[PDB]
Amino acid sequence: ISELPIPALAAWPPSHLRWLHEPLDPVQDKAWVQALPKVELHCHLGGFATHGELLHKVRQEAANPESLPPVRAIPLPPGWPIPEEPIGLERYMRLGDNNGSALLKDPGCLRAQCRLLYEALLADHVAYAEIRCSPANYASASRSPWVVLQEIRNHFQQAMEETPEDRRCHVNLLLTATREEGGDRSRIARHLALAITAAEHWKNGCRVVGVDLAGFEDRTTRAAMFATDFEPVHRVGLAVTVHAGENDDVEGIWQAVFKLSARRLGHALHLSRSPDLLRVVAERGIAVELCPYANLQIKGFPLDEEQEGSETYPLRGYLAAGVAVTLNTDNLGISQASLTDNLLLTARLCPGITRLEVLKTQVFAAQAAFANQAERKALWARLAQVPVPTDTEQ
Amino acid sequence: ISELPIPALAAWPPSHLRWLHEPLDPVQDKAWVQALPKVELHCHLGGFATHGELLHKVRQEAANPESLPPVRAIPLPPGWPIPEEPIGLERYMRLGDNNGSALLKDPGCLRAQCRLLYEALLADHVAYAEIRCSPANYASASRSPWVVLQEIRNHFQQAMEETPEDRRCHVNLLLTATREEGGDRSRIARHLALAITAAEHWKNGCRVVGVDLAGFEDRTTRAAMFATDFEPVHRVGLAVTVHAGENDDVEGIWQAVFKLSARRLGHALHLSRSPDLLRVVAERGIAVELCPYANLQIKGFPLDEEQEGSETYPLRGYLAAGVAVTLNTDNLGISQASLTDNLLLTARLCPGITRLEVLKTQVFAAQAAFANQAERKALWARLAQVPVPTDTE
Ligand SMILES: Nc1ncnc2c1ncn2[C@@H]1O[C@H](COP(=O)(O)OP(=O)(O)OP(=O)(O)O)[C@@H](O)[C@H]1O
Ligand SMILES: Nc1ncnc2c1ncn2[C@@H]1O[C@H](COP(=O)(O)OP(=O)(O)OP(=O)(O)O)[C@@H](O)[C@H]1O
Ligand SMILES: [Zn+2]
Ligand SMILES: [Zn+2]
């Protein structure tokens with residue numbers, strides 16, 4: 001009874017505890033996961049409303065209809081959101097080209113983008129969310145990166161107050177310090193200085209809690225970030241996550257843990273290959289952020305297999321090894337899947353994934369979130385309200 | 001009830017749950033604290049038997065009795081274990097000199113030091129212990145520091161194997177860079193190469209799990225530590241622990257976390273006066289090792305107060321701030337107190353400390369231990385068996 005992730009599970013009757021240990025059903029437990037309080041740690045602001053009906057809602061409320069770009073032709077791959085074959089990362093970023101840099105530069109569009117995304121987290125029962133944005137991408141000749149960040153913060157801080165404290169999601173912001181291919185270390189300096197300033201401007205409500213080192217790949221300009229000077233970042237309270245995408249080495253991961261002092265790892269799908277790194281990543285507490293849909297589409301994994309094969313999703317292996325694994329959505333729009341579909345696609349990606357392990361990935365995320373003491377106790381008190389099962393008759 | 005540390009406490013009757021939240025009593029709770037499955041993270045091998053009956057049980061086992069040095073007369077202060085005035089740190093170390101490097105160069109005395117200490121951990125109901133030692137301090141012209149360490153390891157492993165699994169204390173070894181370091185980078189290089197080699201020799205039973213950078217408290221050896229590459233230590237899997245304490249050098253602790261990648265801080269008593277550093281130490285999980293008796297005897301703290309002041313023992317503040325705080329013995333011999341007596345003294349150091357806060361320091365210690373997945377899965381299964389209270393009210 002001392003292996004349950006939350007203390008409230010121990011106070012259940014044996015009928016339900018026996019139910020927690022059976023495999024998750026991706027066709028019947030759709031309603032139990034939905035009511036579950038989730039925790040999002042990898043969500044990109046500029047990828048929420050990329051195509052469909054939400055893209056029109058964002059483009060409709062623009063403050064400069066004349067400035068809005070035309071909606072270019074972005075055809076989704078067939079079988080979407082489960083493509084016939086993977087599409088890659090470069091070809092995956094382009095599906096969200098109807099929204100982002102060239103759309104959200106409109107102050108009006110940014111309001112709907114930040115307010116429609118909060119309504120998508122609330123609908124999903126998210127209790128905590130770290131949103132990732134690049135304010136320097138949405139700036140113009142009259143709106144500096146600090147002005148855009150001011151707006152983004154208060155757009156989420158406004159939605160957070162118009163919501164009852166019982167169902168209120170808590171949104172925090174991560175500044176994606178992108179390793180620009182075309183931009184130089186000037187871009188990094190501005191990004192790291194913007195987070196250090198924001199990391200002390202706000203102490204309550206929406207806060208800038210860390211920096212996301214996207215572009216950690218490209219081990220040719222190695223690294224323009226391992227020069228670092230990240231010590232100011234560490235002394236102001238900020239936390240570092242490395243967006244280890246599009247790469248299959250282990251040396252970068254080693255240097256992110258011990259030179260960058262990173263606390264989370266993004267899309268670290270090849271950790272089991274090196275068991276020495278896997279043991280360190282599990283004893284130091286480093287958290288691994290996995291995105292089921294975004295990974296099945298960029299990389300592609302076997303679906304509905306009946307055995308843990310060689311090329312299977314590493315979620316179950318990570319859990320066995322002790323790694324603190326979390327499940328996220330990456331791009332809500334670009335992947336067309338909410339935080340519930342991703343936790344339900346796990347049943348088909350990892351054969352045998354128990355529905356108790358789902359609660360473990362949520363308890364892990366609750367410990368890997370860059371929240372403060374007040375924010376944690378409010379998050380812990382909301383995951384303690386785990387809903388009771390739906391179908392236990394067999 | 002989400003605040004309960006141990007999932008097993010959720011299954012207690014509502015009558016007892018209120019008992020936990022009541023303040024601890026350093027007298028009537030002895031039987032309950034004495035039976036708690038405890039975790040030891042700061043215990044020195046060379047400070048176990050410095051005086052008394054134990055000091056002679058060790059000397060009476062040396063293979064070369066004639067080689068034993070004469071038993072000096074070390075006068076313990078009056079009041080001891082609880083002095084009416086602190087004796088400083090340098091006096092504290094000299095207080096134990098009938099044991100340690102001078103005595104434990106004999107294979108017979110060393111064998112009786114690693115087995116009498118294991119009997120003190122069992123008598124105290126310890127389920128996990130990390131013991132720190134300096135093999136190079138006990139080496140002779142014919143006994144290499146690796147020969148000493150290989151003997152120390154097998155004395156504990158042979159003691160652990162002879163005890164039933166359900167009552168067995170798991171002992172792990174930390175290699176300590178002695179406080180007299182920095183002089184030569186040759187000795188800190190032989191020290192880190194011994195741990196990298198030991199961290200691969202043994203993968204089961206008693207293991208070398210980390211290195212303890214003592215002397216960090218000094219400035220001429222803290223730069224030698226910052227000039228030495230610790231990267232090979234991190235790749236092997238060894239963890240790093242640093243001694244804080246008398247030196248209230250905030251800059252030292254900052255660099256020990258982000259340069260040496262330290263996971264634990266020893267005697268970090270001045271963290272509250274640095275609110276910025278107390279947030280990083282409380283959000284990253286860095287654990288703080290506190291020694292209630294070794295801290296009352298080296299620094300001195302108010303006892304039996306009624307309400308918090310401005311200089312009381314910071315264990316209450318640390319816990320509120322979210323810091324992961326552990327309680328240990330430091331030197332079990334030099335201080336006449338076991339792990340049970342250090343937990344009970346917190347009731348006098350910290351006014352109003354709750355019986356649930358005591359059980360938290362043992363869950364914090366369990367998460368701070370440098371044990372692996374197998375060791376951890378067996379330590380949780382022993383902390384979950386928390387004894388039920390005696391009176392209940
Ligand atoms: N999968 C990924 N791999 C690498 N970098 C990524 C990835 N996803 C996002 N990024 C980085 O995040 C930065 C911010 O992207 P975001 O999704 O917030 O929208 P955006 O800046 O409006 O988009 P874009 O530049 O594609 O039009 C991008 O510039 C890119 O550097
Ligand atoms: N409070 C402390 N602060 C700093 N260093 C300490 C403290 N207590 C012990 N040490 C260091 O711990 C190291 C190991 O001490 P231990 O108790 O194991 O005895 P020892 O070194 O074998 O004994 P001896 O000093 O008789 O040779 C010593 O080198 C000492 O420098
Ligand atoms: Zn991403
Ligand atoms: Zn010590």
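Atoms considered below: every heavy atom in the structure, side chains included; atoms not considered: hydrogens, waters and symmetry mates. One-based numbering, in listed order, for ligands and for the atoms of each. The chains referred to below are lettered A, B, ... by the order of the sequence lines, with proteins before strands, and numbering in each begins at 1.
- Using a cut-off of 2.8 Å, one finds that B:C291 contributes no N/O/S atom close to the Zn ion (ligand 4).
- If you number the atoms of ligand 2 from 1 as listed, the ones under 4.0 Å from a heavy atom of B:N99 come out as 26 (O).
- Scanning the protein heavy atoms around atom 3 (N) of ligand 1, the nearest turns out to be A:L89 CD1, 3.7 Å.
- Counting just the N/O/S atoms of B:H44, the one with the shortest distance to the Zn ion (ligand 4) is named NE2.
- Remark: minimum distance from atom 14 (C) of ligand 1 to any protein heavy atom is reached at A:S134 OG, 3.6 Å.
- Scanning all protein heavy atoms for the shortest distance to atom 11 (C) of ligand 1 gives A:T178 CG2, 3.7 Å.
- Of all the atoms in ligand 1, the ones that sit under 4.0 Å from a non-hydrogen atom of A:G100 are 22 (O).
- Two rings, from B:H243 and B:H42, have their centers less than 6.0 Å apart.
- Checked for salt-bridge contact, B:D184 and B:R187 miss the test: no charged N lies under 4.0 Å from a carboxylate O.
- The closest side-chain donor-acceptor pair between A:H270 and A:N247, if any, does not fall under 3.5 angstrom.
- Contacts between A:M93 and ligand 1 below 4.0 angstrom, taking non-hydrogen atoms only, involve the side chain exclusively.
- Looking only at heavy atoms of the protein, atom 2 (C) of ligand 1 is closest to A:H243 CE1, 4.0 Å.
- Of the protein's heavy atoms, A:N137 ND2, 3.6 Å lies nearest to atom 29 (O) of ligand 1.
- A:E217 counts as a contact of ligand 1, since one of its heavy atoms falls under 4.0 Å from the ligand.
- Considering backbone and side-chain atoms together, B:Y138 places an N or O closer than 3.5 Å to an N or O of ligand 2.
- Counting just the N/O/S atoms of B:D330, the one with the shortest distance to the Zn ion (ligand 4) is named OD1.
- Because its NZ or CZ atom is both nearer than 6.0 Å to the ring centre of B:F370 and within 45° of the ring axis, B:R264 counts as a cation-pi partner of that residue.
- Among the atoms of B:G46, some N or O lies under 3.5 angstrom from an N or O of ligand 2.
- Among all non-hydrogen protein atoms, the one lying nearest atom 26 (O) of ligand 1 is A:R94 NH2, 4.4 Å.
- Residue B:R179 has at least one nitrogen or oxygen atom sitting less than 3.5 Å from a nitrogen or oxygen atom of ligand 2, judged on distance alone.
- A salt bridge links A:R111 with A:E61: the closest approach of a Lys/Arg side-chain nitrogen to an acidic carboxylate oxygen falls below 4.0 angstrom.
- Comment: B:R179 engages B:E217 in a salt bridge, judged by a side-chain N to carboxylate O separation of less than 4.0 angstrom.
- Of the protein's non-hydrogen atoms, the one nearest atom 24 (P) of ligand 2 is B:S101 OG, 3.4 Å.
- Residues B:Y118 and B:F48 place their aromatic rings such that the two centres sit no closer than 6.0 Å.
- A:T241 and A:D212 share a side-chain donor-acceptor pair at under 3.5 Å.
- In terms of protein heavy-atom proximity, atom 5 (N) of ligand 1 is nearest to A:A214 CB, 3.9 Å.
- Under a 4.0 Å heavy-atom criterion, A:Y92 is not in contact with ligand 1.
- Looking at A:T221 and A:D218, their side chains never bring a donor and an acceptor atom within 3.5 Å of each other.
- Between the side chains of A:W80 and A:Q336, at least one donor N or O sits under 3.5 Å from an acceptor N or O.
- For the residue pair B:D106 and B:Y138, no side-chain donor N or O sits within less than 3.5 Å of a side-chain acceptor on the partner.
- Where the criterion is an N or O separation shorter than 3.5 Å, residue side chain and backbone included, B:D330 fails it with respect to ligand 2.
- Relative to the six-membered ring of A:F226, A:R219 misses at least one condition, a distance below 6.0 Å or an angle of at most 45° to the axis.
- What sits closest to atom 10 (N) of ligand 1 on the protein, heavy atoms only, is A:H44 CE1, 4.1 Å.
- At a cut-off of 3.5 Å, with distance as the only test, a side-chain donor of B:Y313 or B:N295 sits close to an acceptor on the other residue.
- On a distance-only criterion, B:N331 and ligand 2 share at least one N/O pair closer than 3.5 Å.
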